[PDB]
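Structure first, then comments.
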There are 2 protein chains.
Amino acid sequence: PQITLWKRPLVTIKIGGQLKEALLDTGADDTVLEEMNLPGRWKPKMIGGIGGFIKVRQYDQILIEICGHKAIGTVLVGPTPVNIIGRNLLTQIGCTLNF
Amino acid sequence: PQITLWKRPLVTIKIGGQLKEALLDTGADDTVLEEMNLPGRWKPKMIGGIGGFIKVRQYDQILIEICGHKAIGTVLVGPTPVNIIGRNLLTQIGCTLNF
Ligand SMILES: COc1ccc(S(=O)(=O)N(CC(C)C)C[C@@H](O)[C@H](Cc2ccccc2)NC(=O)O[C@H]2CO[C@H]3OCC[C@H]32)cc1
C-alpha cells in the first residue's frame, strides 16, 4: 500500500501475541515499543531523541507482523509515549520513502 | 526518488540561504532544526519527544528546499539532537510511504 503523511502513519502490528498501533518511523534507527512484559533475556540500552534519553530493554530476534508483513529483529521496550517501528524492521517489509 | 531505509534517510536542505543536512522523519509531526540564526519573527513554544520536552523557537511560513523540492511552512529551532524534517513539510513535497 501507499501511505500519505497528512496524519501520523499508524498501522496495526502483532507482537508477543498482542495487537497494537505503531508508527512507521523513518527517523527511528531502532524499533521502540511501549512498556510490555515480554519473556526471554534482554540487555539494557539507552536511546536518545528530543528531550533526552530513556532507558529501554533490548530484546533480539522478536517476531513482529506489520500490516500482514512478517519481520524479525531487535525490539526495544521502555517508557516510550508511542510504539515506533524503526528502520531495522521497515527495511524487512520493503518500506520506502517516495517523492 | 525512491529512498530505501538501510541507511538514515538524510538529505540536503536549504533554509535561510544556508545548506544543511536533515533527516526525513515520518515519525515527527513537526520540523525541528538545530540551533541556528533565522530572519523574521518567532514565538517560543514547547515540543515533546521520546525523552521529554524542549523549548524551541517557532518560525512560521519559512521557505525551505528539501532535496530540490520547495516547501513553505513552520520550522522549530531548538536543542534537537538532529535536524529532522517532519510531516508538515514532507506532505508539501509529496512524500509518501510505500511497501
Ligand atoms: C536508536 O533507535 C531510536 C529510535 C527512535 C528515536 S526518537 O523517537 O527519539 N526519534 C529520533 C529522531 C528525533 C531523530 C524518532 C522520531 O520520529 C520521533 C518519534 C516520536 C517519539 C515520541 C512521541 C512521538 C513520535 N519523533 C519526534 O521526536 O517528533 C517530534 C517532533 O514532531 C513532534 O511529533 C512527534 C513528536 C514531536 C531515537 C533512537
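Protein chains get the first letters and strands the later ones, always in sequence-line order, with residue 1 at the start of each.
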Report task. Enter the distance from B/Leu23:CG to B/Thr80:OG1 here, rounded to the nearest 0.5 Å. Result -> 9.5 Å
Query raised in the report: Is there a chain of hydrophobic side chains (I, L, V, M, F, W, Y, each step under 4.5 Å between heavy atoms) that links B/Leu76 to B/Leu38?
Result: no
Report task. Could you go through the side-chain contact (heavy atoms from CB on, under 4.5 Å) check for B/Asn98 and A/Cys95 one step at a time? Result -> CA-CA 5 Å; B/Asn98 307 81; A/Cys95 187; over 6 Å; no
Query raised in the report: Are side-chain heavy atoms of A/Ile66 and B/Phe99 found at a separation under 4.5 Å?
Result: no
Query raised in the report: Between A/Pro81 and B/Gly49, what is the shortest heavy-atom contact and its length?
Result: CG-O, 4.3 Å
Query - Partners meeting side-chain contact (heavy atoms from CB on, under 4.5 Å) with B/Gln61 (sequence neighbours left out) - result: B/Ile72
Review item, side-chain donor-acceptor pairs of residues 5-15 of chain B, under 3.5 Å, at least two apart:
{"unit_1": "B/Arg8", "atom_1": "NE", "unit_2": "A/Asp29", "atom_2": "OD1", "d": "3.0"}
{"unit_1": "B/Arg8", "atom_1": "NE", "unit_2": "A/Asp29", "atom_2": "OD2", "d": "3.3"}
{"unit_1": "B/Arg8", "atom_1": "NH2", "unit_2": "A/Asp29", "atom_2": "OD2", "d": "2.5"}

Query raised in the report: Should A/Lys70 and A/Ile93 be marked as a side-chain contact (heavy atoms from CB on, under 4.5 Å) after you check the CA-CA gap, both sets of side-chain angles, and the distance that decides it?
Result: CA-CA 7 Å; A/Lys70 290 191 185 62; A/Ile93 65 173; over 6 Å; no
Requested in this report: Report the distance from atom CD1 of A/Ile47 to atom CD of A/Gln58, rounding to the nearest 0.5 Å.
Outcome: 10.5 Å
Query raised in the report: When you look at B/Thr91 and A/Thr4, which way does the side-chain contact (heavy atoms from CB on, under 4.5 Å) test go after all the steps?
Result: CA-CA 8 Å; B/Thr91 58; A/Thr4 63; over 6 Å; no
Query raised in the report: Between A/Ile84 and A/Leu33, is any pair of side-chain heavy atoms under 4.5 Å apart?
Result: no
Report task. Check side chain to side chain donor-acceptor pair (under 3.5 Å) between A/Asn88 and all other residues, then give those that pass, not counting sequence neighbours. Result -> A/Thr31
Query raised in the report: Roughly how far apart are B/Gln18 CD and B/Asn37 CG, rounded to 0.5 Å?
Result: 9.0 Å
Query raised in the report: Quick check: does any side chain N or O of B/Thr26 sit under 3.5 Å from a backbone N or O of A/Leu24, one acting as donor and the other as acceptor?
Result: yes
**Report entry** Minimum heavy-atom distance B/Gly51-A/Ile54, with the two atoms named
**Finding:** CA-CG2, 4.1 Å
**Report entry** 4.5 Å side-chain heavy-atom contact, B/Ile64 and B/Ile85
**Finding:** yes
Requested in this report: Report yes if the side chains of B/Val77 and B/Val56 come closer than 4.5 Å at any heavy-atom pair, otherwise no.
Outcome: no
Query raised in the report: Between CG of B/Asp25 and CZ of B/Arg87, what distance do you get to the nearest 0.5 Å?
Result: 10.0 Å
Query raised in the report: Is the closest side-chain heavy-atom distance between B/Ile62 and B/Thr74 below 4.5 Å?
Result: no
Query raised in the report: Taking atom CE of B/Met36 and atom CG of B/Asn83, what is their separation to the nearest 0.5 Å?
Result: 8.5 Å
Query raised in the report: Which of parallel (below 30°), tilted (30 to 60°) and perpendicular (above 60°) describes A/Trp42 and A/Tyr59?
Result: tilted
**Report entry** Within-4.5 Å side-chain heavy-atom neighbours: B/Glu35 and B/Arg57
**Finding:** yes
Requested in this report: Applying side-chain contact (heavy atoms from CB on, under 4.5 Å), run through A/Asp30 and A/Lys45 and close with a yes or a no.
Outcome: CA-CA 11 Å; A/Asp30 294 324; A/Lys45 190 170 173 70; 3.9 Å; yes
